[PDB]
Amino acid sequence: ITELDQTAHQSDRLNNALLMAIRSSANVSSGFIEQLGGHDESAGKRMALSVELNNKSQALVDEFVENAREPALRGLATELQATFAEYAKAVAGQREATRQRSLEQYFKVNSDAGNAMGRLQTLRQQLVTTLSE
């Protein structure tokens, strides 16, 4: 019965990808504030942590899509993949605005980040209900 656990094992991929992705972003925003108040060695560690969480969640998303090959999950998983990439792109945007110390640049891409994360939340619900079967 690979049906029952490759499925439940797809939930570790999906959930940890999302948890790591939102922590990636949260660390950048925290880091930016840490840089504004002169906490620079601390902020550097939040930037490094955001980079590695982005790499580990991306790897999980790719493995999730590689394993959702039945016709039902197929399109939903690719839409997940494309929206996750959309979100990762915005968070790399947050990192670049932090390295440039630009409040305005941050405001530009933070809108993209919230919009993509709001969609990942609803996609998450559609994926756990589809996979619960």
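From 1 onward, residues are counted along the sequence shown.
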Check your understanding: Once you work out the mean C-alpha B-factor for both 111-119 and 9-17 from the entry, which is higher?
Key -> 9-17
Practice item. Could you check the entry and say whether 101-109 or 23-31 has the higher mean CA B-factor? Key: 101-109
Review point. Out of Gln94, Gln81, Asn67, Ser57, which one has a C-alpha B factor higher than all the others in the entry?
Key: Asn67
Check your understanding: According to the deposited entry, which of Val51, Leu73, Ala85, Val61 has the largest Cα B-factor?
Key -> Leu73
**Study point:** B-factor third for the C-alpha atom of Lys45 within its chain
**Key:** middle
